[PDB]
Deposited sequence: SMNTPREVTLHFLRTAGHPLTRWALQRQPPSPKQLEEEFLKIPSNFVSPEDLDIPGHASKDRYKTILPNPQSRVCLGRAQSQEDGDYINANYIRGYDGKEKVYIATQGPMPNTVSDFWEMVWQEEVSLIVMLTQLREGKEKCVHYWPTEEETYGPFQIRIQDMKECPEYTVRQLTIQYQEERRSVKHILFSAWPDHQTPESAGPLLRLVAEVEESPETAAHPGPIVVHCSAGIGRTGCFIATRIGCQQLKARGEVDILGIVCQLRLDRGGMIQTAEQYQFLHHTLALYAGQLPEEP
């Protein structure tokens, strides 16, 4: 399997760092961005190359599996992967599918064991793993402390209890992102990112690759732009594809990412 290695070598070495100026005022044409995206290999796991018995009914999709090297382990199985963050720092995010009815307890177990304090949900409005007030999911009790509704997202303050310990989690539900698509504008997305700046950050959407991939690539991109005044979007996407196959689904989603980040640049505090 040299083909696996050609694929992995690309992911590790590809890069197109853009200056802030270039990103804002002279972006790569839409066609240039498609081409660039199309060269990015998927890095999906084969069902045969995962070899962990009876995992099938805890995935929502048969073709969307957690990469083994980065797989999260319930200390059995959950469709989830550790994701590297800014500068490659390990474990800044856990990307995961939205829970299934039989994977709800596992999800909370993961949140506990990995010491999660922040959960971002990306969906589009009209399964609930969190109650209206309180309930128990296996050995964990969840109680909501606080709910504040915003335009595009709802901020739920909650606690989790296991045996005789209690932890606070912030839960954010973004509700204006249609599957396989992008939000109509980028502002609300940036506000959500700003909300995330207040153990690993759980991020999920139905499959846990398309929108989950876009959100995370947006955080890191913003981090890059704030720190260095440059962003390497290609590289960011390569890095994610290394941690979980298929992060960022469509060319369009990738175009929007450049857009989301041009807006971040333009909105960084300056002086008139």
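Worksheet item: Numbering the deposited sequence from 1, which residue ranges have no coordinates here?
Response: Model skips 1-2, 78-85, 137-142, 215-222 of the deposited chain.
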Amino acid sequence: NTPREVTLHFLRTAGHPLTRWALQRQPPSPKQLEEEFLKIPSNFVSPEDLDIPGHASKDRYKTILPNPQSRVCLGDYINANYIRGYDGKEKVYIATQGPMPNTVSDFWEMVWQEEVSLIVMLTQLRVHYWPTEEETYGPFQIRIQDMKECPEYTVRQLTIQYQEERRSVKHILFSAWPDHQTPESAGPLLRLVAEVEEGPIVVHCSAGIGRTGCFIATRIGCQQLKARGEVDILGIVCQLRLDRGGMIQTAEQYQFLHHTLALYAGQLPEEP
From here on, numbers count along this sequence of modelled residues.
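Discussion item. If you take the mean CA temperature factor per stretch, which one wins between 146-154 and 94-102?
Written reply: Higher mean C-alpha B-factor: 146-154.
Worksheet item: Averaged over C-alpha atoms, is the B-factor higher for 35-43 or for 53-61 in this PDB entry?
Response: Averaging CA B-factors over each stretch, the winner is 53-61.
Worksheet item: Going by what the PDB entry lists, where does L189 fall on CA B-factor within its chain: lowest, middle or highest third?
Response: Middle third of the chain for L189's C-alpha B-factor.
Worksheet item: Should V6 be placed in the lowest, middle or highest third of its chain by the C-alpha B factor in the entry?
Response: Its C-alpha B-factor belongs to the middle third of this chain's values.
Discussion item. Please place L118 in the lowest, middle or highest third of its chain according to the CA B-factor in the PDB entry.
Written reply: As the PDB entry reports it, the C-alpha B-factor of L118 lands in the middle third of its chain.
Worksheet item: Going by the entry, which third of its chain does the Cα temperature factor of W108 land in?
Response: Its C-alpha B-factor belongs to the lowest third of this chain's values.
Discussion item. Sorting by Cα B-factor within the chain, modelled residues only, which third would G213 end up in: lowest, middle or highest?
Written reply: Lowest third of the chain for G213's C-alpha B-factor.
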